[PDB]
């Protein structure tokens, strides 16, 4: 194999092949972290001269090395400066330590297209313009970075993981704004871990596979549907590569309705006031042995609702009268345990750690066994997320509450967590409520849905748990995106704006198919 593009050093990480870039199209990239996705972006953006796994140190070398490839001309243009790709960086948290002043100052400066007013609208930046960069949240930094990139005038735009820190509405609206670039004839390359967003965004897909931290390989370009389906199946036909020993199928959105579950508990109208913000919860019922997905933009009260159910927060009005044990995986986790992951988890339930079912369905797929000897206080955000999810699912309780388990996880880890939640809840016949912004995770794990509506920071309303179709129709109408079903894998499939299916579904008010 002589498709070696870059080696980080002796025994360091090596990248094989590169994705294609095409004007007028969106090329999506999907794969586990540590496999070279950002490295390819750096190379194509001109930020890193690939050494071709040798000593190459010039663009001329790359130009000769890519003879016979459509990228030869690309690199010629890159070296000559006829193109200067715009890059929305992955590590938006580092923006402050390099930029100062008001957001409106950063954006006016990036504005080379006179679309400031439009981009601000799309990314909900109206109240961030006057804010200083130093006071921005990870979420606001992400949206400001996507806006800066969208405002530039160039031919090539590369977005590295734009959905991180964005709520469900924000990530789908940013995807619409990003895709518009290709409609204007520009070329877009986007790396994404949220499969629904990746789907809606892309015309072409590359799957990246390999061994995290050791090597990564870009697949041949694939049509959007075929690429995402091969990814779920764990097997790339043409390349004849099986990167996962099993398939992840989504077929199972119908049986989760034909079964009369008993009621676990009911809760009455609840109100939680935080100064000027107010959350009103409509009376609801929770069934034994079901999973309720919870969706809604942020700053609306999802976490506040979960906290009241977990008993960590008290309602201002209304009273919950339960005699249930609850296991709770909080949205923001702070490691504070002097001991290893194994010590922490073995103290929760050692019998489950030694259980074949738990090792197969939870510990191995989430990579927990490989973290057993790690000190909890030294875990990264993604490692801590997996360990906290496992810690929560290892507890013995009537109800399990998981507040945003997909944050910090890569696409493969998300699929592993979706399966773990579903399989363990089915096994233990218990109940869970899961707040999530990742549509395919919601789809995979949920039997019913609770939708939150309101004005972020001002007021929120928790609608009672309803069917998947009714809840997604309610949420999606607010965003103008429709999903149908893909028979091959059973996954929800995004319709491009204006397509035949999109028009048909919108006219009928059926924004989300299951059947």
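Numbering follows the first chain given and starts at 1.
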92 to 100 versus 286 to 294: which one carries the higher mean Cα B factor per the record?
-> 92 to 100
With B-factors read from the PDB entry, the higher C-alpha mean of 135 to 143 and 165 to 173 is in 135 to 143
Please pick out which of 116, 228, 389, 407 has the largest Cα B-factor as recorded in the entry.
-> 116
Among 370, 280, 323, 317, which residue carries the highest C-alpha B-factor recorded in the PDB entry?
-> 323
State the tercile, meaning the lowest, middle or highest third, of residue 31 with respect to the CA B-factors recorded for its chain.
-> lowest
Assert third(CA B-factor, residue 385) within chain per record equals lowest
Ranked against its chain, the third holding the CA B-factor of residue 122 | highest
Residue 458 - which third its CA temperature factor falls in, relative to the rest of the chain | middle
For residue 254, does the deposited CA B-factor place it in the lowest, middle or highest third of the chain?
-> highest
